[PDB]
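Colleague: once you've seen the sequence and the experimental structure below, I've got questions.
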Amino acid sequence: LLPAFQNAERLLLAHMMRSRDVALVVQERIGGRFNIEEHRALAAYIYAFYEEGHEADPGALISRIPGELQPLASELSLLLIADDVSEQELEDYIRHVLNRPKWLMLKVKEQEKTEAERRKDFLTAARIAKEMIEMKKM
Amino acid sequence: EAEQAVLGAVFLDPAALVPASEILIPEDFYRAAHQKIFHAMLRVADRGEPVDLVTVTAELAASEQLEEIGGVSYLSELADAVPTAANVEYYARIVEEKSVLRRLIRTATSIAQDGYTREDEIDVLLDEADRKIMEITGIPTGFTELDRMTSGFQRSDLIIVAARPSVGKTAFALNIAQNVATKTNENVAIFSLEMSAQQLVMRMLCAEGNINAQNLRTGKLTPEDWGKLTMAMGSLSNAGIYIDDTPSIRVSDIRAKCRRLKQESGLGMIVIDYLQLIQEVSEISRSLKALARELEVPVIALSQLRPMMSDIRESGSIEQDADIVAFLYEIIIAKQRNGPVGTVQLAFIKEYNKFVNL
Amino acid sequence: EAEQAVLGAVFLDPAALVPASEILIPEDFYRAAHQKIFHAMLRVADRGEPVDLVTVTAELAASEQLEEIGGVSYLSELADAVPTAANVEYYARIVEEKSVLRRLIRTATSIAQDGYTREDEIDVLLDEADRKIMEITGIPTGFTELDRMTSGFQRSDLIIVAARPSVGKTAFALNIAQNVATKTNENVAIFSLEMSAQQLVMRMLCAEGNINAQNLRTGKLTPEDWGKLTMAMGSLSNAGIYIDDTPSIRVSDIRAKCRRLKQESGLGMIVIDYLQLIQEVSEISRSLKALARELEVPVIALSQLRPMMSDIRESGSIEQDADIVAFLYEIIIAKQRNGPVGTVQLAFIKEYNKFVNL
Amino acid sequence: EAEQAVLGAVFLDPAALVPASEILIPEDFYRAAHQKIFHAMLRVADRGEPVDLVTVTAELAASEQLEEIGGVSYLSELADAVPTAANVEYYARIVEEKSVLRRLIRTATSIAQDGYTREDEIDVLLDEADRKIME
C-alpha cells in the first residue's frame, strides 16, 4: 500500500544505483533536501563512491553500507525498470520529492487552522484557505 | 452520491457557480444541509456579489445550519474533496439522475396505491397521474488570407475540411499545408487515406509548374514542361514530407510512427485523410482529440458523410471532437471558436488542381 | 361476487356471449378456473353451435381440465342461481379495473426496476420506460394562394409537403418560419435536420434582409449590404426564430422541445425538417399525428424520395393519418380534408430564394 | 506491478486514454476490474469530454460495478500510485506480453484437449492453427 511520491523518491535510489552520471546532477538538484529519515544517509553514501573509482553496478555498491541498508537497498533492486531515461523525466522528479514538504504545509498549520474551528472563528479562520488553496497554485 | 463531489468546487474557481447556478436548484439535495446550503448558495447573484465560502460562512451560520449541516469539519472538507475543476455541469448531472430516481418515486408510488383510494374517480385519477410526467494566430495556408477570417490552424485543433467522394477532402491537404512544411518550418507526419502515397505524391505536384494534364499517367511531358518539372521536382521527396499509407487497421499506424518523431523533426502539423473504410467512427475520431493534446500542435482531419454538420453528424463525432469544421463546396464554415466570422471565396479549377485566389 | 357470478349469466342467456368479450379480450381474468371457463366460454361456440354446459362442460372435459377447475359441484350452481343477464357489460366494465392494473402495473416497474436490475441501458430506463403505458382560422402562412387555397392552418393538423431536391426539399422550412414568427407575437419552433443547425442561418440571412448576392461568400460585402439589417438585427432572436443543435434525434428525442416550449415559452407552430433524418414507419406516423393532435397546433413534416402517384401511399401506408399530403416537383396539392385542394402559387428567386406570389 | 501502477496518468494527464486504447483495447486486463474499468474508461471519454477520476467513478457506479468492483477505496490508491506520468508508452509495450502470455495458449490448450475430437475428421485441425495459432 505504497503511495504516489514514495516511488518518485525511489526514482533516484535506482537511477543512481545503475547510472552515476545520472546522479551527479542530483548533487545540483536534490542535495538534499531529501524527504525520508533514512533516505538522506543513503545519498550520503552515493556521491562518496564517485571519487575513488571502482566497479560500479546494481549490487557492488549496496555493500558499503553494512546491514540494515540491504534488506532495503536490495529491495531497491527488486524493481521493474530500465536505463532509457528522458529529459522530461529528469525535469519531473524536480518537484516530486523536495515539494512533498509543501503537501505537509497543509497539515501542521491546519492543527492551528482547525483549532480556530473550535473557538467558532469563521471571520479570519475563513482566510487561511487563500493562504492554502491559492498557495498550491504555483 | 455525486452530491459530495458536486458541491465542493465553488471554491477552486471560485466562480464555479457560473454554470452551476445556470443549471439546477437546492431541492435535488436530499440531506437538509446541501439544500439549505445551495438555497443560501443562491442569494449571492442579486448584484452580485460574488463568490466565496466565507460569503456562505456568513450565510449558513446566519440562518442556523451552523448546528445543522455537518459542522465546521464538513464545510472546508468540500474544498478538500473536489479536484477536477473543469467539470461542474456535469458532474452535477448524476444527482439529477439520483433525482431522476426522485422524478419517478413520489409520482408512481402515489398511483400504485390509488387502486385502494381514488376508486371512485379513476378517469380523474388517469389523466392527472399521467400529465405529471409531462415534463494571424495561426499556422499558414499559402494564400495568407486564409489564416485570418478564421485565424489558423493553432495548437490542439481537429481541423476538418470534408467533401464527397473525390471533391475536396481528396487533395485539399495537398494545398494549404504545403506552405507550412515547404514554406515555413513546422513539419509533418502524413497519412494517405484515399490511396497509397504513390498516387498521393502524383496529385500535389500538379499544382507546381502547371503540370499533369496531358498527362503523366499515360505518357510523359513536353520540352518546356521538363524545364518546368525540374522547377517542381524538389519540394516533395527533399522536403519534410513523410506520408504513410498502411492498409486496414484501427488507428495505431499514426502513433506507431508519430511518437519517436516528437523529438526529431519538430512536429508542427499531423495529417489525416478520408474515413469510411479504415477497419465505429468516434473511437477513431477521439483518437485524435487527446493526440493533439499530447503532441501539442494543429492537426487536419478530413472526414466523410453536403457537407453540413448535420450530414456528417451521424457518420462522425465532428461537432464535438472538433469545434472547427470547415467544408469543400469554397470552404464552407460551420462552428468556429478561434476567430471572427468572416467568410471567403477562392475559385477552383478541377484539372491542374489549384484553388487560385479571388 | 363480481368475478364469481361472472360466468353464470351467459350460462343462462346464452347468446349474451358477445357484449362482454367485446370490452374484454381473453387476457383480463384472474382465478385459475373462471378464465378456464371464460376463455372456454369463447372456446366452445365455433360452428354453430353455440354455448351451454353441455358443450362447455365438454371441451373442458375434452381438454381434460374439468377435474382441474372443480367438477360439476361449483358448476350446477352458477348456471342455476344468477337471476338476470340483462346487465352483461359489466363486469367487463367493473372488473375491468383489475385488467386496467394488469395493463398499468408491468409498465411502471419496467421504469422503476430499470433503475435497479438494469442501469445498464442509460436512456432505455429514460425512454423504453415511456413505452407501454398506453397499452384561414387562421395561422399565418405568409403568402397568397398558399394562404388562399389551403384553409388555415388550423390547430392539430399533421402536414407532409415533399418535392424533388433543391427545388422544394429545403427552401420552405424558412418561409412560414419568418411569416408567423415575424408576423404574430409568439415563440414558435423552427427545426433543422437535413441541414446543420446554424449553417441554416447563413441561409436565412440570405432571405431575411437578403444578403447572399454580393457575395455573402467572397470576403465581406459590397457597399450594398450594410444599411439593410442592423435596424433589424435586434429582431432575429427577439422575433420567434429558435434553432436546434442535435444530430441523431429520433421521434423519442423531440416532443419535449414542444412540451416545455409551449407551457413556459409560447409555441404556436412547429416547423420541422425531413423524416429521413429524424430516425416500422406507421406507428411512428401515429406519433407525429398523435403529437400535432396532442398539442392543438399545426405541424410541418416535409418528406423525401403513365400517369400515376401512390408512390408515397405505397412506402408504408402514410397518406391517411397525416391527412393532408402535398406534391411538388409542381405546386399542386394532392390530399387534404379541410375543404378544397387548390393549386398553390409561389416562387424561388435563387439569389433571395424568396416567395413573390399570385 | 506492470498493472499495479498504471491508471494514474489517466488522471494526471488526464486525457491519456489515447495511448491506452492505442496498441490496446478494453480486454487486456485479467483482474476483474481493470477491464470494465477500461470499458468504463472508453465510452465515457467517448463523448466528450475528456477525462477525470470522477467521470470514471460514474459509469462504474452506474453499472454498479462499484458494488461489483469494490468502491472508491482504489481511486485514492491509484490517483496516489504513479510517481511520474511519462511511463505510459511503455508499459503498454511491456505489459502487452503480460496478457499476450496467452494468445497462443488458448489456441494450443485447445488442440491438446482436442486430440479428443478429430478422429473422425483428423486432418482438419491443421487450419485452426493456421488461423488461430499462426496469428
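Modeller: Okay, I see it. Numbers count the residues shown, from 1 in each chain, chains lettered A, B, ... in the order given.
Colleague: quick one, phi/psi of the residue in the stretch 201-350 of chain B that chain D sits nearest to?
Modeller: Here the stretch 201-350 of chain B gets closest to chain D at one residue, residue B:290, 3.7 Å apart by CB to the nearest CB. Any C-beta I mention is one placed from the backbone N, CA and C, and that applies to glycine too. As for residue B:290, its main-chain torsions (degrees, to the nearest 10) stand at phi -90, psi 10.
Colleague: how about residue A:17?
Modeller: Dihedral angles for residue A:17 - degrees, to the nearest 10 - are phi -90, psi -10.
Colleague: tell me the spacing between it and chain B.
Modeller: 27 Å (CB to the nearest CB, to the nearest Å).
Colleague: residue contacts, that residue?
Modeller: Residues in contact with residue A:17 (CB atoms under 8 Å, 6 or more residues apart in numbering or on different chains) are A:58, A:61, A:62, A:73, A:76, A:77.
Colleague: now those: which count as buried?
Modeller: Buried residues within the contacts of residue A:17, defined by neighbour count using 16 or more other CB atoms under 10 Å in any protein chain shown: A:61, A:62, A:73, A:76.
Colleague: how about residue B:33, secondary structure?
Modeller: helix (DSSP: H, G, I helix; E, B strand; the rest coil).
Colleague: quick check: it touching residue B:68?
Modeller: Yes - with contact defined as CB atoms under 8 Å, residue B:33 and residue B:68 form a contacting pair (6.9 Å).
Colleague: who has more neighbours out of the two?
Modeller: Between residue B:33 and residue B:68, counted using other CB atoms under 10 Å in any protein chain shown, the more crowded position is residue B:33 (18 against 14).
Colleague: quick check: closest non-adjacent residue to the more buried one.
Modeller: residue B:69 (3.9 Å; CB to CB, 6 or more residues apart in numbering or on different chains).
Colleague: the one you found reaches residue B:38, doesn't it?
Modeller: No - counting by CB under 8 Å, residue B:69 does not reach residue B:38; the two are 11.5 Å apart.
Colleague: compare these two (neighbour count), which wins?
Modeller: More crowded of residue B:69 and residue B:38, by other CB under 10 Å: residue B:38, with 23 against 19.
Colleague: helices of chain B, start to end?
Modeller: Using DSSP state H, the helices of chain B run over B:3-7, B:32-39, B:54-57, B:71-76, B:93-102, B:105-112, B:123-131, B:197-200, B:223-226, B:252-255, B:282-285.
Colleague: so how far is residue C:65 from the residue of the stretch 201-350 of chain B closest to chain D?
Modeller: From residue B:290 across to residue C:65, the span is 67 Å (CB to CB, to the nearest Å).
Colleague: ok, these two, which is more surrounded?
Modeller: residue B:290 (22 against 16).
Colleague: excluding covalently adjacent residues, which one is nearest to residue B:92?
Modeller: Of all residues not flanking residue B:92 in the chain, residue B:6 sits nearest, at 4.8 Å (CB to CB, 6+ apart).
Colleague: number of nearby residues for that neighbour?
Modeller: Neighbour count for residue B:6, taken as other CB under 10 Å: 28.
Colleague: any residues touching the longest strand along chain B, and which ones?
Modeller: In chain B, with assignment by DSSP state E, the single longest strand is strand B:157-162. By CB under 8 Å, 6+ apart, the residues outside strand B:157-162 that reach it are B:153, B:168-169, B:172, B:285, B:288-289, B:292, B:298-305, B:307, B:312, B:318, B:321-328, B:331, B:338.
Colleague: partner strands of it and their direction?
Modeller: The pairing partners recorded for strand B:157-162 under DSSP bridges are strand B:298-301 (parallel), strand B:325-327 (parallel).
Colleague: most proximal residue of chain A with respect to chain C?
Modeller: Proximity of chain A to chain C (CB to the nearest CB) peaks at residue A:1, 31.4 Å away.
Colleague: reformat the strands paired with strand B:157-162 as JSON lines; add mean neighbour count.
Modeller: Listed next are the strands paired with strand B:157-162 as JSON lines, based on neighbours: other CB atoms under 10 Å in any protein chain shown:
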{"stretch": "strand B:298-301", "mean neighbour count": "24"}
{"stretch": "strand B:325-327", "mean neighbour count": "25"}
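Colleague: indicate which one of these is closest to residue C:132.
Modeller: Residue C:132 sits nearest to strand B:325-327 of all those, at 39.9 Å, using CB to CB.
Colleague: now that closest one, how far from the centre of its chain.
Modeller: 13 Å (CA atoms, centre = their mean, to the nearest Å).
Colleague: please apply the same query to stretch B:42-56.
Modeller: Here stretch B:42-56 shows a centroid-to-chain-centroid distance of 33 Å under the convention CA atoms, centre = their mean.
Colleague: now do the buried residues in it.
Modeller: Buried-residue list, stretch B:42-56, by 16+ other CB under 10 Å: B:44, B:51, B:52, B:53, B:55, B:56.
Colleague: isn't the fourth one right up against residue A:129?
Modeller: Okay, so that is residue B:53. Yes - applying CB under 8 Å, one finds residue B:53 in contact with residue A:129, separated by 6.7 Å.
Colleague: anything in contact with each of these two?
Modeller: B:11, B:76, B:79.
Colleague: now render those residues as TSV, adding distance to residue C:24.
Modeller: Compiled in TSV, the shared contacts of residue B:53 and residue A:129 are given as follows (distance: CB to CB, whole Å):
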residue	distance to residue C:24
B:11	63
B:76	65
B:79	64
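Colleague: which of these has the largest number of neighbours?
Modeller: residue B:76 (23 neighbours).
Colleague: hang on, isn't that one packed against residue A:132?
Modeller: No - when contacts are counted by CB under 8 Å, residue B:76 is not listed as touching residue A:132 (9.2 Å).
Colleague: helices and strands around the helix ranked longest in chain A, which ones?
Modeller: Assignment by DSSP H gives helix A:93-104 as the longest helix of chain A. The helices and strands touching helix A:93-104, judged by 3 or more CB pairs under 8 Å, 6 or more residues apart in numbering or on different chains; DSSP states H and E, number zero.
Colleague: convert the very next helix or strand once past that helix to CSV, retaining C-alpha atoms only.
Modeller: Past helix A:93-104, heading to the C-terminal end, the next element that is a helix or strand (DSSP states H and E) is helix A:110-113. C-alpha atoms of helix A:110-113 as CSV (Å, rounded to 0.1, in the frame of the first residue of the first chain):
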residue,chain,number,x,y,z
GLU,A,110,-4.4,23.1,9.9
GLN,A,111,-4.0,21.9,13.5
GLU,A,112,-3.9,25.6,14.2
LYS,A,113,-6.5,26.3,11.4
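Colleague: stretch B:256-275 vs chain A: in contact?
Modeller: No - using CB under 8 Å from any CB of the partner chain, stretch B:256-275 never reaches chain A; the gap is at least 8.6 Å.
Colleague: and residue A:131, how far is that from residue D:100?
Modeller: With distances taken as CB to CB, residue A:131 is found 52 Å from residue D:100.
Colleague: give me the beta-bridge partners of the residue nearest to residue B:270 when sequence neighbours are not counted?
Modeller: Of all residues not flanking residue B:270 in the chain, residue B:299 sits nearest, at 4.4 Å (CB to CB, 6+ apart). Using DSSP bridges, the bridge partners assigned to residue B:299 are residue B:158, residue B:270.
Colleague: related to what we said a few turns ago, make a ChimeraX selection of the buried ones in the contacts of strand B:157-162.
Modeller: To isolate the buried ones among the contacts of strand B:157-162 in ChimeraX, judged by 16+ other CB under 10 Å, type:
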select /B:153,168,169,172,285,288,289,292,298,299,300,301,302,303,304,305,307,312,318,321,322,324,325,326,327,328,331
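Colleague: picking that back up, can you give me the distance of the residue nearest to residue B:33 to chain C?
Modeller: Applying CB to the nearest CB to residue B:69 and chain C gives a distance of 29 Å.
Colleague: got the contact list for that residue?
Modeller: By CB under 8 Å, 6+ apart, residue B:69 lies in contact with B:33, B:36, B:37, B:60, B:75.
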